[PDB]
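Only one chain comes next, encoded as structure tokens, the form deposited in one PDB entry.
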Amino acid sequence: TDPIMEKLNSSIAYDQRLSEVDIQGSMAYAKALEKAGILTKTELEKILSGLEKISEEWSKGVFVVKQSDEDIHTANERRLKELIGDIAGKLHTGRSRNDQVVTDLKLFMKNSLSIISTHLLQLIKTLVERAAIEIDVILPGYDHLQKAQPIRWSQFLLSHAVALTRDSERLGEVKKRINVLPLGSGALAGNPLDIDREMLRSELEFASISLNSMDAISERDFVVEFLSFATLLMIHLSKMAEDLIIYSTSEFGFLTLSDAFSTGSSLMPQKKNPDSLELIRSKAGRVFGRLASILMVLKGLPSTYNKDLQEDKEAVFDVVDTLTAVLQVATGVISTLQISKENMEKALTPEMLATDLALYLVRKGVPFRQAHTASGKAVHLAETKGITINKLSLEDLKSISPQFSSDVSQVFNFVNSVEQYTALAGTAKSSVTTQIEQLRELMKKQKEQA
């Protein structure tokens, strides 16, 4: 009754996208009511005909929302009544807004996750395929954002792809629990008409049916874990965005975003602002905010239904839209960015091979400590000689350790450096090739699970 309460309760402004799933839920329910003998066959066919008409109206974008419609459910109900009359009312028999709305949200989320999966797998495939093509590129691997050791650019790309693949796996786990029918739980204690929930499951294409009515009505686990999945995915995208923003600075100069995913001024044509990456990074907080809100909404609520649960819709809709846009923007950025092999290569310095120099002695039998001490001495000798370690003479090296032989010159090669990492998961070309094949197979498995 209160005008402000009334405004707070209205959701027609944001839930119209539930139009089709809402109709589908009603068609399925109508068929079950008919089996239960609540509707005659002629009544069922009139209702289905009407519902199908409404579906088409939304599909064609001709549906007319009216001022009285406070939500999508009321709008669809008004339209069906207009089309078929009083018979429409029988559809509420044994059904509650409590199980009808949660059914709508799950069907909607199932469909959204299917779309998110497509965009996520496309992002992963884009990283994997670019890694395959640019597998010969080498640049600095960073630790504490300080140059540490040479790595293949592809090992970097794949590190992001692997993390995203775990997000895809979580997406599949979340979808599995979402794909469980809640309809037929009634208001709280179950459907009172011995409704055939297996028929509802089959009609709505859910994988199984809810185990307990009170739980099905009041739980929002599916909302929470979708938000947890989305937040972790965003954390990964924020790390990738941070990496690309830094690598795109003029200071690092490793890559340049395309005009399509950056902003700039005619005054400074070469200055490309990574708008795309900053947008992506920022959405991690926007999504995390939604996760935080729902956990707080649910914390400490008693059984069974409480109006507090209505906050679920806006959080889900926002995150679905955000991920859909963000994943596609990320695919665009990765597929269209331009790397500078020249600058990546020039960043490789002899100082980054001192560890390899110690490793060289290790493979000759020199103990860890002594191998490192000797390498350190080579570094110091080079310094006092005013040169770099790759330029010390063999005689220079032997003055530090007789274990240094002429083959030590092979240490001072950046390809030889990355090729030491043949153990699985490493940056050697063979290891990177293996990861690309492993990821291609994971994507295939996940693609079919979806």
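Rigid core: the largest C-alpha set superposing within 1.5 Å between the two forms. Numbers follow the displayed sequence, beginning with 1.
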**OP:** Check the entry's C-alpha temperature factors for 92-100 and 171-179, then say which stretch has the higher mean.
**Re:** 92-100
Subject >> Which of 413-421 and 57-65 has higher mean CA B factor, as the PDB entry lists it >> reply: 57-65
Original post:
Hey, out of 123, 267, 320, 344, whose CA B-factor is highest in the deposited coordinates?
Top reply: 267
**OP:** For the C-alpha B-factor as written in the entry, point me to the maximum among 221, 351, 203, 82.
**Re:** 82
**OP:** Taking the values exactly as deposited, rank residue 9 by C-alpha B-factor within its chain and report the matching third: lowest, middle or highest.
**Re:** highest
Original post:
In terms of the chain's CA B-factor thirds, is residue 368 lowest, middle or highest?
Top reply: highest
Original post:
Sorting the chain's CA B-factors, does residue 208 end up in the lowest, middle or highest third?
Top reply: middle
Original post:
In terms of the CA temperature factor given in the entry, to which third of its chain does residue 438 belong: lowest, middle or highest?
Top reply: middle
Original post:
With respect to C-alpha B-factor, does residue 336 fall in the lowest, middle or highest third of the chain as deposited?
Top reply: middle
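The next section is about a form of this same protein that is not shown, the form deposited in another entry.
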Original post:
When you overlay the rigid core, is the Cα of residue 66 off by 2 Å or more between the shown form and the other one?
Top reply: yes
Original post:
After the core is matched up, is the C-alpha of residue 11 off by 2 Å or more between the shown form and the other one?
Top reply: yes
**OP:** Superpose the two forms on their rigid core, then report whether the C-alpha of residue 57 is displaced by 2 angstroms or more between the shown form and the other one.
**Re:** yes
